[PDB]
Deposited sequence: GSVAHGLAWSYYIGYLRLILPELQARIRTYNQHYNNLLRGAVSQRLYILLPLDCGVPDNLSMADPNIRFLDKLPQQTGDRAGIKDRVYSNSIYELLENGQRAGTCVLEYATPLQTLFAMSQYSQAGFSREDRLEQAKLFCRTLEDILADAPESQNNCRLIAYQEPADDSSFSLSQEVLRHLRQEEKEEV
């Protein structure tokens, strides 16, 4: 049940705040900042849900075919006593054969780091961590399916390694 609460926490504390302005920020980037010949940034927030709960800080460290392109225009807002809290979301090019194949706003679901931290060493086994990660994912899918902030503007990317993270994301980008 901890992961059910973490999924709610992620929606209430982050996704409900970030999803409503996302379309407008992507449109700003596409119309004002993006070089003439660069491909458009895709319209969705792509959230990585590694079922192993491995959340590295740097996506280019995780797969060099995920290349940092630029920041979205920043979203600021008062939040829980932070005046003008800053959200500096990252845009990535997904490379195939050294060339851009897709461009998107991509990040990991941060609460998966809690499940990982509490099970990295051996109570709370790897199998228990997998079960919590799946519960997180199922709970978050149910929340977003019902949430008025989720309007074809978010895509959950849940995966288990048996692998290219870039190819996993591209399969989701190309399903749209």
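Peer 1: So which bits of the deposited chain never got modelled?
Peer 2: Missing C-alpha atoms (numbering from 1) occur across the ranges 1, 124-125, 166-170, 185-189.
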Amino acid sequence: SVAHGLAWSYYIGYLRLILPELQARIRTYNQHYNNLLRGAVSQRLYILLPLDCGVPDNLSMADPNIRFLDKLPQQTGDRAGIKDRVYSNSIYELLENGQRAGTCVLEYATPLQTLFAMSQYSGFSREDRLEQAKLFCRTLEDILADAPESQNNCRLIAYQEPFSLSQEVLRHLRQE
From here on, numbers count along this sequence of modelled residues.
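Basically, rigid core = biggest C-alpha set you can superpose within 1.5 Å across the two forms.
Peer 1: Any chance you could tell me whether 105-113 or 127-135 drifts more in 8 other deposited structures of this protein, judged by RMS CA distance from this form after superposing on the core?
Peer 2: Larger mean C-alpha displacement, comparing 127-135 and 105-113 in 8 other deposited structures of this protein, is found in 127-135.
Peer 1: Taking RMS over all structures and residues, which stretch has CA atoms farther from the shown form in 8 other deposited structures of this protein, 45-53 or 146-154, after a rigid core fit?
Peer 2: Most displaced of the pair in 8 other deposited structures of this protein: 146-154.
Peer 1: I'd like to know whether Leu37, which is modelled here, goes unmodelled in a third or more of the other compared entries that cover its flanking residues.
Peer 2: Other entries vs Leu37: at least a third skip it.
Peer 1: Would 105-113 or 56-64 have the larger average of its C-alpha temperature factors, as given in the entry?
Peer 2: Result of the comparison: 56-64.
Peer 1: Quick check: 47-55 versus 27-35, which has the larger average CA B-factor in the record?
Peer 2: Taking the mean C-alpha B-factor of 27-35 and of 47-55, the larger value falls to 27-35.
Peer 1: Using only modelled residues of the chain, where does the Cα B factor of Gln74 rank: lowest third, middle third or highest third?
Peer 2: Its C-alpha B-factor, which the entry lists for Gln74, ranks in the middle third among residues of this chain.
Peer 1: Ranked by Cα temperature factor within the chain, is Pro162 in the lowest third, the middle third or the highest third?
Peer 2: It belongs to the highest third of the chain when residues are ordered by C-alpha B-factor.
Peer 1: Test of reading the entry: by CA B factor among the chain's modelled residues, which third contains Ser90?
Peer 2: Lowest third - that is where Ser90 ends up once the chain's C-alpha B-factors are sorted.
Peer 1: What third of its chain, lowest, middle or highest, does the C-alpha temperature factor of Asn152 fall into?
Peer 2: For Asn152, whose C-alpha B-factor we compare with every modelled residue in the chain, the answer is the highest third.
Peer 1: What third of the chain, by the recorded C-alpha B-factor, contains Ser122?
Peer 2: It belongs to the highest third of the chain when residues are ordered by C-alpha B-factor.
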